Amino acid sequence: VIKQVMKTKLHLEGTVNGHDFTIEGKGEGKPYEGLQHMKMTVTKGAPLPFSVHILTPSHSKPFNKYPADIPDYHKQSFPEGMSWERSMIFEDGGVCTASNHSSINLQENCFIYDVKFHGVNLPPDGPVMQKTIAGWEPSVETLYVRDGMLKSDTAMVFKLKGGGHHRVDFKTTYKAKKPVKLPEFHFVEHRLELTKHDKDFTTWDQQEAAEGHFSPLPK
Amino acid sequence: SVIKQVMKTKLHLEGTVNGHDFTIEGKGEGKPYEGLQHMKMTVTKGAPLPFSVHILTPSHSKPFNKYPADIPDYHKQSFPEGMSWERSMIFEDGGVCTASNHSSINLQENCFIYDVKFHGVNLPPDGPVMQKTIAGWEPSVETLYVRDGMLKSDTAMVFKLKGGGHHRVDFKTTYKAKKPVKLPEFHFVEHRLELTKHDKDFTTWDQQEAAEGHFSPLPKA
């Protein structure tokens with residue numbers, strides 16, 4: 001059911017700093033190569049009063065490159081689908097929660113994402129509300145099974161405009177709708193980039209490269 | 001350079017975990033440019049330890065990181081003046097450990113001297129640390145970046161439970177060179193710490209660690 005090239009369609013409803021908004025995404029990628037892109041459009045609540053970088057990682061699990069000896073938890077869950085849930089704890093008290101439902105439209109060869117996003121206690125002079133985030137650095141995600149689900153940890157660090165970094169702890173749970181071959185403990189390299197946009201970020205292009213692997217260090 | 005292809009290590013650690021005082025003494029060796037090292041630990045006071053010794057193994061040597069030419073080695077550059085590190089370890093079950101070190105060098109002995117403090121609090125009595133159900137650490141990837149001229153890091157250090165399953169410990173570490181050094185850009189460090197040999201009650205044991213720094217292998221557009 002997962003072809004060498006596949007489309008994506010996203011619908012996200014969010015509330016950040018008491019500001020409601022709807023985002024619509026349309027993209028495509030090479031699932032087995034771990035490459036994908038998507039064009040976002042803030043259909044409601046534009047212009048957003050916060051850094052859109054807090055939302056970019058909440059916009060696609062079937063596009064992770066994996067070796068043959070690591071079962072792909074996400075690809076195996078389709079066509080039944082999966083869901084993912086996540087908490088994002090910032091260094092300054094800010095907390096965002098995101099959750100998704102991923103399904104497939106076999107006719108269109110397109111993945112359907114329905115996402116919820118909630119941002120609270122973002123400090124008014126912090127980098128999210130002040131829009132001083134330049135983008136995310138690449139990241140290494142650590143994944144292991146917990147209760148038959150795939151749990152992961154990621155110190156997702158963003159670059160500040162003017163230099164310096166700010167860490168956001170991501171705790172995610174991936175939940176396949178039907179049982180799949182569970183993988184052993186492993187890592188996923190991630191590089192998320194916001195490449196093009198209009199002046200006030202009502203529309204933008206975001207891409208992601210992702211590769212799973214065991215530790216390269218010998219025992 | 002003051003850092004040779006082969007270097008010795010000497011460690012002294014004083015700790016208090018679950019209100020239990022103890023001292024560890026370490027003696028080891030490694031290849032600083034290859035990112036390989038090993039240390040023989042001995043609990044000189046407070047043996048046998050009433051908790052899993054795995055909580056202490058990452059507190060026992062920053063001059064032993066392999067780095068490419070385009071990533072300045074923050075730790076090696078800090079010698080002979082030395083460096084120090086500080087760390088918090090937050091467990092999934094409320095347990096908190098804090099560790100801090102002072103690293104110096106004995107140029108005549110070609111030996112790094114480590115003085116360590118360790119404190120463990122609120123470890124649940126039926127948790128994996130007090131129940132000694134930790135089999136060891138999994139390999140890890142640490143993320144490093146500069147903050148106030150110091151080198152900060154974040155590592156989800158996950159340990160394997162005996163009988164399967166995992167338990168995450170959030171490590172927040174700060175490395176502090178005593179004199180200014182060429183600071184590196186944001187990067188990662190692969191770690192694989194292994195406890196390879198020991199006596200029945202872990203009064204002595206052999207610990208080793210492979211560590212390699214690198215930027216992300218993924219291409220940037």
# chains A, B, ... in the order shown; residues from 1 in each chain; ligands from 1
>>> residues_around(residues="residue 1 of chain B", least_positions_apart="5", cutoff="12 Å", atoms="only C-alpha atoms", output="list in words")
residues 32, 33, 76, 77, 78, 79, 80, 107 and 110 of chain B
>>> write_last_selection(atoms="N, CA and C atoms", output="short mmCIF file (atom, residue, chain, number, x, y, z; two decimals), in the first residue's frame")
data_model
loop_
_atom_site.label_atom_id
_atom_site.label_comp_id
_atom_site.auth_asym_id
_atom_site.auth_seq_id
_atom_site.Cartn_x
_atom_site.Cartn_y
_atom_site.Cartn_z
N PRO B 32 42.72 9.18 23.88
CA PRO B 32 41.86 10.37 23.75
C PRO B 32 41.37 10.75 22.35
N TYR B 33 42.22 10.57 21.34
CA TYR B 33 41.84 10.90 19.96
C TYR B 33 40.95 9.82 19.30
N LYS B 76 39.30 18.70 25.33
CA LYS B 76 40.74 18.62 25.16
C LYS B 76 41.38 20.00 25.24
N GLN B 77 40.75 21.02 24.63
CA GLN B 77 41.29 22.38 24.64
C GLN B 77 41.41 22.99 26.03
N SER B 78 40.57 22.54 26.97
CA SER B 78 40.59 23.10 28.31
C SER B 78 41.81 22.70 29.13
N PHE B 79 42.64 21.74 28.68
CA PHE B 79 43.83 21.32 29.43
C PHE B 79 45.07 22.10 28.92
N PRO B 80 46.08 22.36 29.77
CA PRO B 80 46.27 21.87 31.14
C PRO B 80 45.50 22.59 32.25
N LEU B 107 50.72 16.37 34.47
CA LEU B 107 51.57 16.29 33.30
C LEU B 107 52.71 15.25 33.40
N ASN B 110 51.03 11.83 33.06
CA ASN B 110 50.15 11.76 31.87
C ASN B 110 48.81 11.15 32.26
#
>>> select_by_dssp(residues="segment 11-194 of chain A", states="helix (DSSP H, G or I)", output="list in words")
residues 52, 53, 54, 56, 57, 58, 73, 74, 75, 76 and 77 of chain A
>>> closest_residue(among="B:7, B:71, B:24, B:121", to="residue 204 of chain B", atoms="only C-alpha atoms")
B:24
>>> interface_residues(of="chain A", to="chain B", cutoff="10 Å", atoms="only C-alpha atoms", output="compact mmCIF listing (two decimals) with C-alpha atoms, in the first residue's frame")
# COMPACT_ATOMS: atom_id res chain seq x y z
CA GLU A 137 18.64 22.38 14.35
CA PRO A 138 18.82 18.71 13.11
CA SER A 139 17.88 16.24 15.90
CA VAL A 140 18.37 12.60 16.96
CA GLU A 141 15.27 10.87 18.30
CA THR A 142 15.65 7.86 20.70
CA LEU A 143 12.89 5.17 20.25
CA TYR A 144 11.89 2.08 22.32
CA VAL A 145 8.70 0.07 22.91
CA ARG A 146 6.50 0.70 26.00
CA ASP A 147 3.18 -1.22 26.38
CA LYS A 151 7.75 5.66 22.75
CA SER A 152 10.43 8.28 21.85
CA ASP A 153 12.51 11.12 23.36
CA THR A 154 14.01 14.06 21.43
CA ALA A 155 15.92 17.13 22.68
CA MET A 156 14.63 19.30 19.83
CA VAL A 157 16.88 22.42 19.91
CA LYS A 159 18.47 28.32 16.80
CA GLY A 163 22.85 33.12 17.99
CA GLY A 164 22.28 30.79 20.88
CA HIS A 165 19.97 27.82 21.34
CA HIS A 166 16.84 26.84 23.22
CA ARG A 167 15.93 23.22 24.02
CA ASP A 169 11.95 18.24 25.33
CA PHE A 185 15.74 0.23 20.73
CA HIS A 186 17.11 2.56 17.96
CA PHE A 187 17.65 6.18 16.81
CA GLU A 189 18.14 11.28 12.56
CA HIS A 190 15.82 14.22 11.75
CA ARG A 191 16.42 17.46 9.75
CA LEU A 192 13.31 19.67 9.49
CA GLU A 193 13.65 22.86 7.45
CA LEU A 194 11.19 25.71 6.64
CA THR A 195 12.55 26.66 3.16
CA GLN A 207 10.74 19.58 4.36
CA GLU A 208 12.13 16.74 6.47
CA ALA A 209 14.87 14.12 6.05
CA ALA A 210 14.62 11.15 8.50
CA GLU A 211 16.76 7.98 8.88
CA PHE A 214 21.14 1.39 15.58
CA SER A 215 24.23 2.93 17.29
CA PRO A 216 27.31 2.84 15.01
CA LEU A 217 29.59 2.19 18.06
CA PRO A 218 30.79 -1.41 18.62
CA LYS A 219 29.94 -3.43 21.80
>>> closest_residue(among="A:161, A:7, A:196, A:74", to="residue 149 of chain A", atoms="only C-alpha atoms")
A:74
>>> residues_around(residues="residue 128 of chain B", least_positions_apart="4", cutoff="8 Å", atoms="only C-alpha atoms", output="VMD selection string")
chain B and resid 52 132 to 134 161
>>> residues_around(residues="residue 110 of chain A", least_positions_apart="4", cutoff="12 Å", atoms="only C-alpha atoms", output="list in words")
residues 1, 2, 3, 5, 6, 7, 8, 9, 10, 25, 26, 27, 28, 29, 30, 31, 60, 62, 78, 79, 102, 103, 104, 105 and 106 of chain A
>>> write_last_selection(atoms="C-alpha atoms", output="short mmCIF file (atom, residue, chain, number, x, y, z; two decimals), in the first residue's frame")
data_model
loop_
_atom_site.label_atom_id
_atom_site.label_comp_id
_atom_site.auth_asym_id
_atom_site.auth_seq_id
_atom_site.Cartn_x
_atom_site.Cartn_y
_atom_site.Cartn_z
CA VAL A 1 0.00 0.00 0.00
CA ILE A 2 3.01 2.35 0.50
CA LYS A 3 4.37 3.33 -2.97
CA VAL A 5 6.26 8.15 -4.10
CA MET A 6 3.27 9.24 -1.97
CA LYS A 7 1.18 12.36 -1.30
CA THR A 8 0.14 13.93 2.04
CA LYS A 9 -2.92 15.98 3.02
CA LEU A 10 -3.06 17.61 6.46
CA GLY A 25 -1.14 21.07 4.28
CA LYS A 26 -0.56 19.39 0.90
CA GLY A 27 2.68 17.55 0.12
CA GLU A 28 4.51 14.48 -1.09
CA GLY A 29 7.59 12.37 -0.48
CA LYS A 30 9.55 9.16 -1.05
CA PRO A 31 8.60 6.95 1.95
CA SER A 60 4.22 12.51 9.06
CA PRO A 62 5.42 6.87 6.95
CA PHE A 78 -1.15 1.18 7.23
CA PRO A 79 -3.77 0.77 5.72
CA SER A 102 -2.95 9.18 10.31
CA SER A 103 -5.02 7.29 7.74
CA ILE A 104 -4.71 6.53 3.98
CA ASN A 105 -6.79 7.23 0.87
CA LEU A 106 -5.73 4.19 -1.22
#
>>> select_by_dssp(residues="segment 122-214 of chain A", states="strand (DSSP E or B)", output="count of residues only")
59
